[PDB]
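*Asks:* no sequence for this one, just the structure:
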Ligand SMILES: [Ca+2]
Ligand SMILES: [Ca+2]
Ligand SMILES: [Ca+2]
Ligand SMILES: [Ca+2]
Ligand SMILES: [Ca+2]
Ligand SMILES: [Ca+2]
Ligand SMILES: [Ca+2]
Ligand SMILES: [Zn+2]
């Protein structure tokens, strides 16, 4: 189970399609067309395959400076 | 509580002479500091803490318990912007400015890009959860909305993610000046998000006006970032170094510029671009009034130079 960020148009994303691949929604952005989700590692390729999905990005790390 | 001093960095960026014009306490102006949280009851900070949120683990919480600083770094950065001008402690660049503390880094000073992007969103939306309540496209500087006018990020990572950039772009288009630390790896260029065109990358100088060896190169401007005394938990003070300490000096200067400009004109200045050398945008003003150290002109150590609030504000009002 990994956290990824999926870029997908507001009007063509259904929150319910991520349960099917073993995931769940963490946060739906109000201001950009993206959603944070937790999915099994094997689900990443599945997300990419979806036509409505523009990009799947891993959750990277920043540190204090 | 110790008697107030003015840390050397506050003096260096020429903040104290501005205060007769504004201390940043113009009601439409807020600075959002995306960091480890804040010691919200600190005697030298509390009155300027206007909103305390956390986005940790992808859930927005406004509980004080969740927004509290468990590290110290956020409290320190906030103090450099907005420590109160009174009888105790230290004093910020903009000592009357309202602060939104947005907690995006955890107790150990680490953060996910997702939590940071959610933090940026919160700074645009504000307490009311709505970017642009009256639908006029004016967000920063609209007295009807509660969006921050400055987003300050004393943090960085190596990754350039499209969604995080999209969020940066939303903040920019809301009229918000975005300021971020260049990084502490002595690298040839800034970390993200400092490296984005819409964001002011900030390098660190020491008290001799030398660039700090750790400061990532090719910043836009530079500011005090070594031996920086500020607020620190719990209700105390600490001295730190880093591009994270330089950043809030610049955010503070921006807050003074925008406060002074709104006080005079009832509007704010456009953000501007990296190339801007006019007096017509925030960044243009920062570039032209910066103290040009090192080689003549923008250089890879200092960028355009060391920010100076007094001249910045005069350029804004003139
Ligand atoms: Ca505002
Ligand atoms: Ca406290
Ligand atoms: Ca004080
Ligand atoms: Ca709002
Ligand atoms: Ca508006
Ligand atoms: Ca309006
Ligand atoms: Ca120079
Ligand atoms: Zn989960």
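*Replies:* Here it is on my side, so go on. Numbers count the residues shown, from 1 in each chain, chains lettered A, B, ... in the order given. Ligands and ions are numbered 1, 2, ... in the order given.
*Asks:* separation between residue B:254 and residue B:56?
*Replies:* Distance of residue B:254 to residue B:56, computed by Cβ to Cβ, to the nearest Å: 26 Å. Any C-beta I mention is one placed from the backbone N, CA and C, and that applies to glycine too.
*Asks:* Those two: which has the busier surroundings?
*Replies:* The neighbour comparison of residue B:254 against residue B:56 (other Cβ atoms under 10 Å in any protein chain shown) goes to residue B:254, with 35 against 21.
*Asks:* Chain A: strands as residue ranges?
*Replies:* A:2-7, A:24-28, A:34-39, A:55-58, A:61-64 (DSSP state E).
*Asks:* To residue B:15, which of these lies closest?
*Replies:* Minimum separation from residue B:15 across these (Cβ to Cβ) falls at strand A:61-64, 23.6 Å.
*Asks:* Run through the neighbouring helices and strands of that closest one.
*Replies:* strand B:110-112, helix B:113-125, strand B:155-156 (3 or more Cβ pairs under 8 Å, 6 or more residues apart in numbering or on different chains; DSSP states H and E).
*Asks:* Sheet partners, orientation included, of that strand?
*Replies:* Counting by DSSP bridges, the strands paired with strand A:61-64 are strand B:110-112 (antiparallel), strand B:155-156 (antiparallel).
*Asks:* How far does that strand sit from its chain's centre?
*Replies:* Here strand A:61-64 shows a centroid-to-chain-centroid distance of 21 Å under the convention Cα atoms, centre = their mean, to the nearest Å.
*Asks:* And for residue B:211, the neighbour number?
*Replies:* Other residues lying near residue B:211 total 23 when counted by other Cβ under 10 Å.
*Asks:* try the one 3 residues further on
*Replies:* As a burial measure, residue B:214 scores 19 neighbours (other Cβ under 10 Å).
*Asks:* Touching, it and residue B:187? I think so.
*Replies:* No. The criterion here is Cβ atoms under 8 Å, and residue B:214 misses it with residue B:187 at 9.5 Å.
*Asks:* tell me the contacts of residue A:17?
*Replies:* Taking Cβ atoms under 8 Å, 6 or more residues apart in numbering or on different chains, we find residue A:17 in contact with residue A:50.
*Asks:* Kindly report the same for residue B:212.
*Replies:* For residue B:212, the contacting residues are B:203-206, B:225-226, B:241, B:243, by Cβ under 8 Å, 6+ apart.
*Asks:* from the residues you listed, which ones fall inside strands?
*Replies:* The members of the contacts of residue B:212 that map onto strands under DSSP E are B:203-205.
*Asks:* Which residue comes closest to residue B:93 once chain neighbours are left out?
*Replies:* residue B:252 (2.6 Å; Cβ to Cβ, 6 or more residues apart in numbering or on different chains).
*Asks:* Could you measure from the closest residue in space to residue B:21 that isn't next to it in sequence over to residue B:18?
*Replies:* For residue B:21, ignoring the flanking residues on the chain, the nearest one in space by Cβ to Cβ, 6+ apart is residue B:260 at 5.6 Å. When Cβ to Cβ is the yardstick, residue B:260 and residue B:18 sit 7 Å from each other.
*Asks:* Which of those two has more residues huddled nearby?
*Replies:* More crowded of residue B:260 and residue B:18, by other Cβ under 10 Å: residue B:18, with 26 against 23.
*Asks:* and the gap between that one and residue A:24?
*Replies:* Separation of residue B:18 from residue A:24 (Cβ to Cβ): 50 Å.
*Asks:* Output the ones in strands among the contacts of residue B:212 as CSV; include the columns distance to chain A.
*Replies:* Listed next are the ones in strands among the contacts of residue B:212 as CSV, based on distance: Cβ to the nearest Cβ, whole Å:
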residue, distance to chain A
B:203, 11
B:204, 9
B:205, 15
